[PDB]
């Protein structure tokens, strides 16, 4: 006897009763393959993929006068008739009679939907069915196991060793699985091929001049030099048994990556250049230019590559292969091996005479960067001033205040910096005084103090006092010189105000104020309801008199839909977002959930395009360009939005966009398979269920551009049924109205609405640069957009709300 027990706690249950085991014969597999080819999502799949889906189909036995489907109840199965007959009845009235070969319940595989008509067995028959969960999981596995198999083979190949993880994953998607039956030539000797083949499963025989050299098993490959150069095949490879080979073509590689020698050399040179502290601060575009214009030469052993007289404008040297011994006059100062480099002093001092001497120890391959190579890269002959200008640029470009300014405004601010020295113990800043300067440490260390208590230390390239440029508030902490004679680059408020203009200054002024206000729930007074779904309310902060927007996500709504973990990941995405065209979060409360954000008063983008009607080229460029930068920012942070549409975009008082709904957004790490988003704006790869990445938002971008230029949606405008919207997205024809007279608009819209993500614009190694450099944006200034220097299409007269 103890004083201290706990109790324990639709369509699937109905089909479970009719289920029965049966051996999958050859005659049964043939009719499944035939009917699945007529299906909407299995048409794109190959025979090996359809053969796997045929094995997971379960056999169901029915009797004459038995209910199969119910009208209004959720749809989870898709059936293929084997024997007997099934009459379709709609609203208690007959419609059609089916037989062997036909199928029904196609929409259930893509998404959960209520059926329209009932299906009853008229005669004694049997069905071949498959569930949504089982079907979608099999597509996910076929796609995931194929990509992981292909990626493992891309790693085993030696020509792709210097490619990055992102570059390796892109060429894995370009793989095409080519099947070869016994006694079928894969490649012939003498032919000029452009394909790389790897054995996934099976055996193949080699034949140089019709003589057997060896036998190739799984893992072996051939055609590395075919992807690089136009050379003939050294042997004739023939299949001994039924082989399957993963094939990468040079034509598809040029679309995804471009010239492979250029991409590999850019990675080699970037890795070699990033070892030096000078080129560590250079941008990726600048480092690629140096690699594209570097002089690569081969030298024998014991050869003076560079001598005091025979320099020929060389400022930097990188060893690609072999070894070189560095010398100063007649004294050795080091030995550089593969990857190592030299020249930092000559790169920094353009006019300095070359005193060192480089001599090869063995046969080597050396890359050389001259002064003209550095001048064309930096875009100015004064290399010493440009490197110092880039060093300052690299520091200020990492800060929100100067990141989004135009390059002209950014260069004037960099040119306006002045250096000043501070002795030991000198107060740069004193807490309580109203400062008017922003500082960047050039050389030395400085201690941060408040009430005689050391909070932290700042060294070379660190910065402080950026708030003084936007306000006339007193300094919070004092900055004392810890080290001797510390140098500091500084810019006055007067100078900053002359460069920056009204719109951007207003955006920075009221945005940076939000981080200082300490907000608790008790002082937020509710003015009015602005949104509804889950509800958004306009709130007034009584102490600071600043107006904000407050979301109210109900806990019962999250628990009912089973979004306990997804709401936690939404908080992580929304809080980390810090971009001028994305909503800025202040603080999140809980007890139901809440999200306090900035108040966006200019109205909705949905209503803005209705007020303007069909947008023109300057108006469509502005809104799509504003969306591109917000989506590019999320793609750079490995976040996929999955729900891009004008309904989830608001306009601010200045007329600039603001992205807001991050419910469907997710931090991607590989390939996502969950079907989410709005049907009209969803991409085909989401519907097909064979994996998708950040490329889905570039499809929705094309759908937005289509609405702006043309008016209606490109796929299923009048259609309300999800199946018919999804059918128009996959099998439908993309057409354009007769009033659209611009070629560049149509060319961009067609390239953005390209079903295959490999061939879609902006889904290559270059990324959004391909969309940004398109003929549609020829006259568009991307610097002036982010810096709030363009006149927007529509400006709100006062405030607007839904």
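Residue numbers count along the first chain shown, from 1. Rigid core here is just the name for the largest C-alpha set that superposes within 1.5 Å across the two forms.
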So if we fit everything on the core, which stretch drifts more in 5 other deposited structures of this protein, 22-30 or 751-759, C-alphas only? 22-30
Quick one: with the core lined up, is it 216-224 or 509-517 that wanders further in 5 other deposited structures of this protein, going by C-alpha RMS? 509-517
Within the set of other compared PDB entries, does residue 310 lack a model in a third or more? yes
Length class of the unmodelled deposited segment, which would lie between residue 591 and residue 592: 1 to 3
For the stretch from residue 533 to residue 534, please bin the deposited residues that the model skips: none, 1 to 3, 4 to 9, or 10 or more. 1 to 3
Where do the C-alpha atoms have the higher mean temperature factor in this entry, in 625-633 or in 562-570? 562-570
Highest mean C-alpha temperature factor of the two stretches 510-518 and 389-397, which is it? 510-518
Looking at the C-alpha B-factor values in the deposited entry, which of 30, 773, 742, 738 comes out highest? 30
For the C-alpha B-factor as written in the entry, point me to the maximum among 466, 194, 728, 241. 241
In terms of the CA temperature factor given in the entry, to which third of its chain does residue 747 belong: lowest, middle or highest? lowest
Split into thirds by Cα B-factor across the chain's modelled residues, where does residue 68 land: lowest, middle or highest? highest
By the recorded C-alpha temperature factor, relative to the other modelled residues in its chain, which third is residue 778 in? lowest
For residue 525, the third of its chain into which the C-alpha B factor falls: highest
Give the position of residue 140 by CA B-factor within its chain, expressed as the lowest, middle or highest third. middle
